[PDB]
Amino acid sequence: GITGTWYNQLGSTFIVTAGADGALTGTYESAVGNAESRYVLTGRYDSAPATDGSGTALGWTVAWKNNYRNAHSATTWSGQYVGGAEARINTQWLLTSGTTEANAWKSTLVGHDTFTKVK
C-alpha cells in the first residue's frame, strides 16, 4: 500500500512506486526551502515485513538538485509505513548541506515528517 501519492504536515508532495524486490522510486516536491518543482528520489523498503502488527521499515534519499536549482544538500528520510483504514508514513530526517570543514559542525539538520494520503 506504499505506492501512491502522499503529503506531509508541510504540504510537500511525495510520489513513490514500491517495487516487488524492495525498491522505492519517485519524485519529491518540497513546499518549503530553497527548492522548486520536482526532485528525483530513490530508496529501499522491507518487502517481507513481520507477521505481527509491525510497520514496514523504509527510507529514501533526495539530492536537492534539478533543472531549476541546486541547494547543494541532501535529505534522507528513515521511518516506517503503517497500513490500515488511514495509512501513514512516520519518518525522521537528516538534511546535510555541503560545507567547508570549518562549518562541518553545523551542516546537518534533523526533523520529523508524517505523510498521509490526504492532500
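The numbering used is simple: start at 1 and walk along the sequence shown.
Look at the mean CA B-factor for 49-57 and for 28-36 in the entry; the higher one is 49-57. Averaged over Cα atoms, the B-factor as recorded in the entry is higher for 61-69 than for the other of 74-82 and 61-69. Per the deposited record, the Cα B-factor of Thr100 falls in the highest third when ranked against the other modelled residues of its chain.
When the modelled residues of the chain are ordered by their C-alpha B factor, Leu109 lands in the lowest third.
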